[PDB]
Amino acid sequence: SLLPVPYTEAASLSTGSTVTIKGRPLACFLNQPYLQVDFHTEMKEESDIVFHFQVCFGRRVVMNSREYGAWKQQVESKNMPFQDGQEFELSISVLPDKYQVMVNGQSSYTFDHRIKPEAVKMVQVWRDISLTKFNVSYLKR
């Protein structure tokens, strides 16, 4: 639709930052479209990932980090608040101890900080979605 996918934006994060993502899957759940949000330590797409968030719509969600080029301990969830064929509003909040992922206003996943959020320099949103809004909040000291 509006914002080009894969979508990449330079970014900085700290306690109190929020990343808001509004979009829609590009296929019905039967075809298992994916959505991936990666918080990167550099603009380079092969850089390390502080928070890796991958939805296989209708199936599962995987969360992990990639440190010095290697994937670490994968966290896997079957919680699936996303609705087949529907627009979704995704909200990732940086709390002192973890990321909190709200889906359509509902707390759905958390991921404890493995690397300080201040290490993030870029956010990329990609795979099988269209994107209508992307925002990183910059209101706190």
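Quick note: we count residues from 1 along the sequence shown, nothing fancier.
Set 72 to 80 against 38 to 46 and average the Cα temperature factors; 72 to 80 ends up higher.
When 47 to 55 is weighed against 81 to 89, 81 to 89 comes out higher, by mean CA B-factor as recorded in the entry. Sorting the modelled residues of the chain by their CA temperature factor places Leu131 in the highest third. Looking at the C-alpha B-factors along this chain, the one for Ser14 belongs to the highest third.
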